[PDB]
Structures are given as C-alpha cells and as structure tokens.
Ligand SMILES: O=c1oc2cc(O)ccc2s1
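Next up is one chain by itself, shown in structure tokens, the form solved without the named molecule.
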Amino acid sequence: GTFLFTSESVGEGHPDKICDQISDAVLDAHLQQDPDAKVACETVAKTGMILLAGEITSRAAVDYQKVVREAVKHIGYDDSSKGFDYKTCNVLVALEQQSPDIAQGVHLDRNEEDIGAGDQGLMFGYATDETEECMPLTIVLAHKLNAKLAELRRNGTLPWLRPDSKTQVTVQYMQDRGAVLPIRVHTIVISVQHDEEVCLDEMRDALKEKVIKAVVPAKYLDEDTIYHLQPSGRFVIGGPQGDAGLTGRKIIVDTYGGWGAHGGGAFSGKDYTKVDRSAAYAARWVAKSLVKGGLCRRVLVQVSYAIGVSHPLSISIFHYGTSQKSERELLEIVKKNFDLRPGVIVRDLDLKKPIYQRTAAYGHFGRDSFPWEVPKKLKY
C-alpha cells in the first residue's frame, strides 16, 4: 500500500513568481483606492524588464513605476550583481481598459449579488486531513524550504543566497481507506541562485544542515533519503536573466502540488469577478469545511461557470472513499450550505480587501487564516 508522491515549490525571486507578486501588487494598489476595480494584470519578466499587459478599469490613480519597483525591492533584487535591480530595470506598461463587451455582459447594471461570472471555466478545491492546515505534506514542506531560504538570506546567515529558488519533495505514503498517511521523505531537491564566491560543498552542507534540518522533522529523514542539492552544479545567473517569467505559470505551486485537481485558471492579477480566483478560493473553503466538519478525510470539489451567468453550471464532489456519506449526499450538503455565485463569494470571503500580494508566494492555501481557510460550520 505504500507509494510515492512529489510536489514542488518556488521562491519569491523565481521569475514566474516575481510576475505573480507584481500582478497582485498592482491589484492591491487599485483596490486600496477603488474596491470595485476591474483588474486583469499580466506581468512578464526578462533581463532588465518588467512589462505589464492587460486590462484595468478603475477609479484609482496608480503609479505603476513605483508599485512595480517596490515589489521587486521587497523580493530582494536590488543590485546588478544579483542579475536584476528594482532601481534601474525597465518598466513598460501596455494596460488598456476592460473590454466594454465583457463589461456589459458581466457586471454593468447588475445587482452585485447577481453579477455574472467574469468568464467561463472550471475550478477545484481540495482538502486533506494529513496536516493540521488540511494541505498535502509534500507541498507544505516544499513551500517551507523556500521560505527558510528567504529567511536565511534576509537575516544574513547565508549571505551568498540570492532570491531565485526551487524545491521539490517526494514523500512515501501509506493509505487507509482513501486517506493518506505520510511515512518518510524519500527525496529532496533544492536549487538556489548564489554568488560567485561560495563553494559547491559549502552550499550543499548549508542546505542540508541549516535549511532541510531546520524545516523537515528528523522522524521523516533517514539514511536512505536522497538529496539533490544544487544538482545543476552552478546557479549564478538567475531571476529573469536566467529564465523569462510570466504571471500564472506556477498554478500547481499556488494550489495543491499536483494533488486534488486544477481547472487551469491563474489567480494573480485578477479581481473577484474573475471566477478563476474567487471560485477556486470558495471551492477550497468548501473542501476544508467538509474535512474540518468531520464529513471526509479528504475531498475534491469541482465548480464551473459561464461568462455573464451568476449561478454555477455544475458542482461535483469526489471523496476518495473517505466518507460514510455518498458523493450525492455530500453534494446536497454543499448546496444547502454554500452559495457559489461570485457576487455572494465576494461578501463571504471579503474579496475586495487588498490582501492579494500576500497570497502570491508560498501558496494561496493552508496559511494565515485568510477567510477561505476559516471553515464554515455546516448544517445538515
């Protein structure tokens, strides 16, 4: 009954993640002034360049140069020696208003509760009782390894670290009637951008002793665990200089690390009317409510929409065999307890609040008691 499963995560300076954080810094800057801003901000990053492309209709006055540069500064790209510098990079803006054809079909002259979905699409939510935060251990550990790298970079413990990093964790699990039980960590990968002076052996030793051992419980590590630390051998060129980044290219890192399911939509740079984000947050809220409510040990929820239509077109449940109730009975409980119209989700999850940049690294789920992480008490 044992099996392996692998998930990855990336750091704040991974170029795709830089784009997600900038897109959400732009969204938050608009929402601080106009809670009803319509935002669809894509970011592209390559050597020396941040380009903003997309559609924004808002009453806010946003200084894009300042917002972008402050986000890059926070990430830590502040000198040409690191491959990217917020002070001197090019910031290009190609932002237009939201299409009036979309606006008239989605929200113009509509009661807020009855606003249409901002697009068609499908979205999923997942929760698992294997961790207290109801997330897969593989992705939790992968995120925490990147967070540890950023912490040691920022506190000057490992001054050779740079912001761009990737991690990957393979866990060996057992299964019990559809629920999963972590046994041990089988393999860990860490790749992190570094300065020209540090030796490979010094980095590998520090990654094992100061990063992995500070994150992963010793009970999961043994003489057979496989470590791939700086496996490329050299990672001096990094950030956008090493690899072009785009918003919405880390959608599996943002969610469940390959567990559960994904409908394809990106989260960052989008206001609540874009159901790719709001309905995925609501589906996570449903799934976590079912698991914390004791109905399931793990569960997957699908929802779907049509542009301009408020009610979901479909809702579906997969309980992995971890409920005494059938999937039909769980679906009836979901329909009795949740209203997944976007104009109701916005109110339940407070989605006009400018907290989005906080979601744009280390996963959107299983952290910080955001509204979609506070279970709803179910009536049935």
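Residues carry their position along the shown sequence, with the first being 1.
As recorded in the PDB entry, 211-219 is the stretch of 211-219 and 251-259 with the greater mean C-alpha temperature factor. Higher mean CA B-factor, judged across 44-52 and 316-324 from the recorded values: 316-324. Out of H228, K274, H143, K82, the entry records its largest CA B-factor for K82. If you compare the C-alpha temperature factors of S191, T187, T138, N155 in the entry, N155 comes out highest. In the PDB entry, a CA B factor belonging to the middle third of its chain's modelled residues is recorded for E12. The entry lists a Cα temperature factor for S369 that places it in the highest third of the chain's modelled residues. In the PDB entry, a CA B factor belonging to the middle third of its chain's modelled residues is recorded for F3.
Sort the modelled residues of the chain by CA B factor and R110 lands in the highest third.
In the deposited entry, the Cα temperature factor of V180 sits in the top third of values across the chain's modelled residues.
In what follows, reference is made to the form solved in complex with the named molecule, a form of this protein that is not presented.
Residues placing heavy atoms within 4.5 Å of the named molecule in the deposited complex fall in a single listed stretch, namely 136-144, out of 79-87, 136-144, 199-207, 154-162. When contacts are judged by a 4.5 Å heavy atom cut-off, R367 counts as touching the named molecule in the deposited complex. The named molecule in the deposited complex is not approached by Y356, whose heavy atoms all lie more than 4.5 angstroms from it.
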